[PDB]
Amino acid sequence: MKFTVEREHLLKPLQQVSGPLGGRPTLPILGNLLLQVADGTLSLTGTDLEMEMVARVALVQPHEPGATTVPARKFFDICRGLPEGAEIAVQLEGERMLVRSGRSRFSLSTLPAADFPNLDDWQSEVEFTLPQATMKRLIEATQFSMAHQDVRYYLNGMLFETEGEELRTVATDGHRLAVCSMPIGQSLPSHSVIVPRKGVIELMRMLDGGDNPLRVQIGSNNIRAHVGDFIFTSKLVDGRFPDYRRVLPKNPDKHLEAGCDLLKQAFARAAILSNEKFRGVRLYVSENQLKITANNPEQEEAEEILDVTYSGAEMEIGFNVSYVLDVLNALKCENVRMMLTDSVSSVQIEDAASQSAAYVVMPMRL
């Protein structure tokens, strides 16, 4: 295997493919990148067994076919450490790979390419293309609501659903939930799959905000996304994900509308004096007014009064202020609508001028 290529043509690919690597976790081989030269193309692959990130680079200079694996971090650091505009010549020398540039020489240890983990072949059952920004909006709008290390591992991921002419994402940890849907102009079969937490992050990080669209392929046990010269593929999580339709409040008759930023800043200041453990704050809703209060064990107290639009009945309701702030931070709109029922029922929050995304938060008891 042999190839010479510009430093800048390797940086992004190396950065992207090193994404699935959690340092030196499982097998030693997983800390290595798979290098393969076939045709006039160099392929780089990083994996963690659960997912895989593949980069393809055009080889305009002379090359020889072959494959091997090398330590990801070191190879990347070497390439990054070389001067800008540097030509990097790489050649496999038996058990080691020689990297040369200018008067800099590096010999890296290898591991048989034949032993590099690879996701078994699978077949896609659903395919569609959509703008990168759309996939970005979908993930960002709900990512913060995925569970982290919950026993019900199926919650430690994000649901991706194709329904009608829309793609939807759902995330929840049992206390709060986020759902968002966008139209892709393509008639799609009804399908639902759970993407592992790390896959969601990798997918998100894989977007360059470019104009080039994203090609998504979904199978019974895998999901794949092609962006430019990168191909990401991840296994899916098994288990029945809760139905957001069953979680959305059934009778949120009381509707409060307020400026998202004044609301966020008020909750932010009040949170300072909330219990560090439970983060509870109290909301007192009255005609066109919202009063937010917080107190902690040492009996300190925060009180915020805001003008809002509300004509319903008076009520008090508690919430984990972090869950509320997470929502207001994700909405980043002008005004938000809070739809309540009672003090022991969840609340649905959403942009006052858009129902494409909805958030559900269970109140706290106190």
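For the two forms, the rigid core is made up of the largest set of C-alpha atoms that agree within 1.5 Å on superposition. The first residue of the sequence shown is number 1, and the count goes up from there.
Where the structures in 8 other deposited structures of this protein are fitted on the rigid core, 245-253 is the one of 184-192 and 245-253 whose C-alphas sit farther from the shown form on average. Core-fitted comparison in 8 other deposited structures of this protein shows that, between 306-314 and 49-57, the CA atoms farther from the shown form belong to 306-314. In the record comparison, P13 is modelled in each of the other entries of this protein that model the residues flanking it, with no third of them omitting it. Averaged over CA atoms, B-factors in the entry run higher in 113-121 than in the other of 113-121 and 259-267.
Stretches 194-202 and 235-243 differ in mean CA B factor, with 235-243 having the higher one. Note on the listed residues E140, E287, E166, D77: the highest Cα temperature factor in the record is that of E166. Comparing the listed residues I223, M97, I292, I184, the entry records the largest Cα B-factor for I184. Annotation for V60: C-alpha temperature factor in the highest third relative to the rest of the modelled chain, per the entry.
Ranked against the other modelled residues of its chain, the C-alpha B-factor of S145 as given in the entry falls in the lowest third.
The entry lists a Cα temperature factor for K250 that places it in the highest third of the chain's modelled residues. In this PDB entry, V361 carries a Cα temperature factor that places it within the lowest third of its chain's modelled residues. Sorting the modelled residues of the chain by their CA temperature factor places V126 in the highest third.
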